[PDB]
S.K.: 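Mind having a look at this structure? Questions to follow.
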Number of protein chains: 2
Amino acid sequence: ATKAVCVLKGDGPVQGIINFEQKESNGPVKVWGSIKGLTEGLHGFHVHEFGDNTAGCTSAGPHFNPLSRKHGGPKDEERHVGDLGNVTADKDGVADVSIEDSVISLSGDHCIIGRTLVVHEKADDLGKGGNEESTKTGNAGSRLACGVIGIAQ
Amino acid sequence: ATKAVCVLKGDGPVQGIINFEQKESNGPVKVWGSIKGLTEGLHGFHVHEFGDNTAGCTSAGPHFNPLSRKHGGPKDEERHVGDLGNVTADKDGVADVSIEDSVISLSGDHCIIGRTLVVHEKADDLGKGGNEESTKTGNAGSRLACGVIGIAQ
Ligand SMILES: [Zn+2]
Ligand SMILES: [Zn+2]
């Protein structure tokens with residue numbers, strides 16, 4: 001696949017549509033779209049391991065981290081495959097997403113099709129929050145909305 | 001063995017969890033779980049091409065049919081990859097699913113991870129309905145509920 005899409009929903013008002021496009025299988029993945037219903041400010045934006053929503057967002061499990069690294073920000077050498085940093089919500093709760101990543105893929109081992117995209121309660125501290133939880137989830141807190149990443153037309 | 005799962009939801013009361021499991025890459029896929037909120041009787045149970053829920057179940061598109069064949073029942077040589085036939089709902093609206101299929105896969109060209117599982121309004125006529133539409137969708141009608149097939153623990 002060269003295109004993917006994720007519909008984000010949760011227990012509250014957080015909702016959105018996130019697009020994915022990868023023209024070359026060894027090139028970067030463009031990640032774009034919008035999320036509404038967030039509090040103003042920074043929110044962690046991660047690919048979690050499982051495309052399992054049986055129990056809500058919790059069933060998606062830990063961060064997608066097949067190379068077993070500690071948590072970092074997208075520009076860090078050391079980070080999970082699923083570490084896409086933070087998205088930024090405006091005063092109206094709207095976060096416009098426009099990201100380009102070369103670690104995630106729409107194919108092969110780093111393939112995220114069938115996994116889960118999650119927008120978190122708080123800002124992802126990129127591994128520099130200065131405690132143990134920081135080197136794991138970036139202290140991004142709870143799962144506000146999620147969706148299984150699906151093959152798109 | 002790779003494992004997958006799908007949460008079925010729609011506009012109405014149809015809801016269900018469907019599990020997928022495949023021990024070997026050339027093995028058959030066990031699929032099983034339950035669906036409630038269905039009218040008593042038969043319901044088409046099909047894998048559609050896209051894991052895109054942006055406009056509901058409609059956006060999943062057509063049947064997963066990469067070999068461009070005519071629609072049939074699961075046992076038929078002539079069938080869509082996505083042709084899993086029908087499920088049966090009892091008098092309390094509950095459809096227990098337990099299927100084994102060797103055309104679908106959780107890997108390769110027939111992989112369904114990231115595609116959409118759909119439970120339909122009417123019975124799938126397995127291409128034995130005697131009309132043009134029978135040979136395309138089995139006249140299963142409406143999409144009651146769907147979910148993207150995601151990777152599972
Ligand atoms: Zn991480
Ligand atoms: Zn079909």
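Within every chain, numbering begins at 1; the chains are lettered A, B, ... in the order of the sequence lines, protein sequences first and strands thereafter. Whatever order the structure lists them in is the order used to number ligands and atoms, beginning at 1.
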S.K.: Same cluster or not: B:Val148 versus B:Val5, using hydrophobic residues (I, L, V, M, F, W, Y) connected whenever any side-chain heavy atoms lie under 4.5 Å apart?
M.R.: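 In one cluster: no.
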S.K.: With a 4.5 Å cut-off on side-chain heavy atoms, are B:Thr116 and B:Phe64 touching?
M.R.: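 Sidechains of B:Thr116 and B:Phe64: no contact.
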S.K.: For a distance under 2.8 Å, give residue and atom name for each protein N, O or S atom next to the Zn ion (ligand 1).
M.R.: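 Atoms qualifying: A:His63 ND1, A:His71 ND1, A:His80 ND1, A:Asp83 OD1.
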S.K.: Is the A:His63 ring parallel, tilted or perpendicular to the A:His46 ring (thresholds 30°, 60°)?
M.R.: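 Tilted: the ring planes of A:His63 and A:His46 meet at 30° to 60°.
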S.K.: What I want to find out is whether B:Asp76 reaches B:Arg69 closely enough, with some N-O distance under 4.0 Å, to be called a salt bridge.
M.R.: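 No, this pair does not count.
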S.K.: Membership question, hydrophobic clusters at under 4.5 Å side-chain separation (ILVMFWY): are B:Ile18 and B:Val47 in the same one?
M.R.: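 Yes: a chain of side-chain contacts under 4.5 Å links B:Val47 to B:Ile18.
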S.K.: What's the spacing between B:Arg115 CZ and B:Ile149 CD1 if we round to 0.5 Å?
M.R.: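 One gets 9.0 Å once the value is rounded to the nearest 0.5 Å.
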